[PDB]
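Just below is one structure, and these are the notes that go with it.
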Amino acid sequence: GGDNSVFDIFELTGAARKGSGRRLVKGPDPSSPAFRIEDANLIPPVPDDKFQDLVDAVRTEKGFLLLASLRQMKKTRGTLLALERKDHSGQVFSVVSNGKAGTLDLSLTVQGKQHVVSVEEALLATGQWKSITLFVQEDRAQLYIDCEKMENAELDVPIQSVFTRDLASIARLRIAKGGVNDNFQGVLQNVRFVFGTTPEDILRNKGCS
């Protein structure tokens, strides 16, 4: 990638330092902390200036790669991340692992209208550690789950539609915290936006064939 091409959300929030809202536990990556969510309201937001870097990256690429490892409580609907209005309450974007529907839901709010699509057949809420690679480009969403499963969906509007200039002045990025009653239940690890790479590159380097 180029400069500012990897954004580790938990690192950005300083959640490993803090103590409230989560427990540090082990995950698939032995070199980094995993986060069992306790009260996602208390996990700090990504700082404004870091979020604006992330926004500029998404705008430039017209897309992103979002990687996440998760161990999600079965039959729960859990927000992986969301862009919450600083206040005129509501969200402008979320990624939700929907264990009720067996989907990964992508929601975007543009000009005060909500546009939501389900990636179907994306049953992430099992007993177990799962690793995802979500590639969003223009109005397309492509989800790889572990190594050998791919599911796709199209958005009503392009992703850069949401990621406008000083989105940072209107919203902040929260991890594991969503709308109403949709906070993540379970463990998360290595929730990272990555730019200037392809899914193929990610998968090859994670040992998939």
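Dipole of the range 1-144 computed with +1 at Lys/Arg Cβ and -1 at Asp/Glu Cβ about the Cα centre; of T126, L104, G27, farthest Cα towards the positive end is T126.
Our helix-only sum for the chain, with -39,500 (n - 2.57) per DSSP H run of n ≥ 4 divided by its residues, gives a mean residue ellipticity at 222 nm of -4000 deg cm²/dmol. Close amide-amide hydrogen proximity is noted between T126 and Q72, each under 5 Å apart and 5 or more residues distant or on a separate chain (H modeled in the peptide plane; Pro and chain starts excluded).
Among the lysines of the chain, pairs at least eight places apart or on separate chains and with Cα atoms under 20 Å apart come to 25.
Run the numbers on the chain and let me know its relative contact order in percent, using alpha-carbon pairs under 8 Å that are six or more apart.
On the way: 507 pairs, mean separation 65.1, N = 209.
For the chain, the relative contact order is 31 percent.
The 3J(HN,Hα) values that the Karplus relation (6.51, -1.76, 1.60; θ = phi - 60°) gives for the range 3-17 are, in residue order, 7, 6, 10, 9, 10, 8, 4, 4, 4, 4, 7, x, 4, 5, 5 Hz. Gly and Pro appear as x.
PRE reach from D8 (point 7 Å along Cα→Cβ): which of the range 166-207 fall under 16 Å by backbone N? Backbone N within reach: 188-195. Here the residues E200, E151, ranked from fewest to most Cβ neighbours within 10 Å of their Cβ, fall in the order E200, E151.
If you take the Cα centroid of the range 51-89 and the Cα centroid of the range 8-32, the two points sit 16 Å apart.
Taking label points 7 Å from Cα along the Cα-to-Cβ direction, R17 and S32 give a separation of 1.8 nm.
With the charge dipole of the chain set up from +1 on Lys and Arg Cβ and -1 on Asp and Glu Cβ about the Cα centre, the Cα lying farthest toward the positive end among the listed residues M73, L143, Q91 is that of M73. Extending 7 Å from the Cα toward the beta-carbon at both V180 and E200 defines two label points whose distance is 4.6 nm. Taken about its Cα centre, the chain carries a charge dipole of roughly 860 debye when the Cβ of each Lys and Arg holds +1 and the Cβ of each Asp and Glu holds -1.
Computed from backbone phi, the HN-Hα couplings of the range 190-201 come to 6, 8, 9, 8, 10, 10, x, 9, 10, x, 3, 4 Hz, rounded to whole numbers (Karplus: 6.51 cos²θ - 1.76 cosθ + 1.60, θ = phi - 60°; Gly and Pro given as x). Summary value for the range 91-209: 18 percent relative contact order, contacts being C-alpha pairs under 8 angstrom separated by 6+ residues. Is the shape of the chain rounded, prolate or oblate, going by the alpha carbon gyration tensor and its root eigenvalues a ≥ b ≥ c, with a/c under 1.5 for rounded and a/b larger than b/c for prolate? Here the chain falls in the rounded category.
Cβ: placed from backbone, ideal geometry, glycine included. Neighbour counts: every protein chain shown. Computed from the coordinates by the stated procedures, all read-outs in this text should not be read as laboratory data.
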